[PDB]
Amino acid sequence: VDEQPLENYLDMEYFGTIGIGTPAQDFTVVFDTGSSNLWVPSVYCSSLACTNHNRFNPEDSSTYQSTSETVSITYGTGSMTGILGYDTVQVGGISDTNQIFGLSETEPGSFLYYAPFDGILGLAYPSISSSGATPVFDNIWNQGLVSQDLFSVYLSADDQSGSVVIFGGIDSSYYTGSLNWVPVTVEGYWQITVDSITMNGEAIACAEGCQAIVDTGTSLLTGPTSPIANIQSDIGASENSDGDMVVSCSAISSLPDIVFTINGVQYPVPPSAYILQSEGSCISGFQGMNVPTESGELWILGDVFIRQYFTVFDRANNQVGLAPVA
């Protein structure tokens, strides 16, 4: 039970404080189940994003091991190119020795300039790690730093502290009832199959089944543009002048639950979770984004879903466990 507390940021972002080098240099990084590479800004970067973020200084670490190779990571928004190095990472109380990670040299754009974290700490499979860089959890397990090849995530609601990522352990106080195990279909992202999404007993979208990735890195409940449009109209969300899917706050008390059936079991998501409240206005937590993969269009169970269920990422068996949070 090694725990890494996370800082809840406006319910839109979750990141933690890790250290690199020795003495440990600290950086805030998103714990992202949607990626597998670990990288932080380095002193070799001068992009806008790098002027206001913690930059790793290889020179101050007696344990750094440089290499010839470079990494180039392209994210949903914003990128980062740089080299790859070896050092000791301090994540969740663990001394992750010989952890290769990426050092940024360039971070084009201003997105990351606005982002409240320096880098990203990926937790998906190695198969999607740019340049074959071994993920942190894979490196941790490979050298026996954790007793179990699995980790669990609890994400607190509306800014509350308590968000954690527990490596090699499951803590039963974070959920109520029993855990149900969903097998991973495509090992890259934490991809599973969703049997149907119903509302009031009717399949409003994804009625033939579809693929969804569990992503602590995406803040909303994302889906293909067309089916999501039906969902929006079912929840009373219309686009305002500002291109925003707004619902009237007086509707929250009256909206039914949207239910996702994952492997024979129903996981409802109440209107209090899918209708976010941003400054006296209510904006829905569904966003369209067509993301074709060989297995088709992907839906993303982001923070909106994850906040409702204690998730266990089982790498030993390649399945995710879900249970209602307490």
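Sequential numbering from 1, following the sequence displayed.
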Greater mean Cα temperature factor according to the PDB record, 44 to 52 or 58 to 66: 58 to 66
Given 138 to 146 and 224 to 232, the range whose Cα B-factors average higher in the PDB entry: 138 to 146
Residue with highest C-alpha B-factor in the PDB entry, from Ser131, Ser104, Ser110, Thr216: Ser110
Out of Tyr75, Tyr86, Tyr154, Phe167, highest CA B-factor residue: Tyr75
Third assignment of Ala124 from its chain's C-alpha B-factors: middle
Chain-relative CA temperature factor third for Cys282: highest
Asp314 by Cα B-factor - lowest, middle or highest third of the modelled chain: middle
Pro271 CA temperature factor, ranked by third within the chain: lowest
Chain thirds of CA B-factor: placement of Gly302: lowest
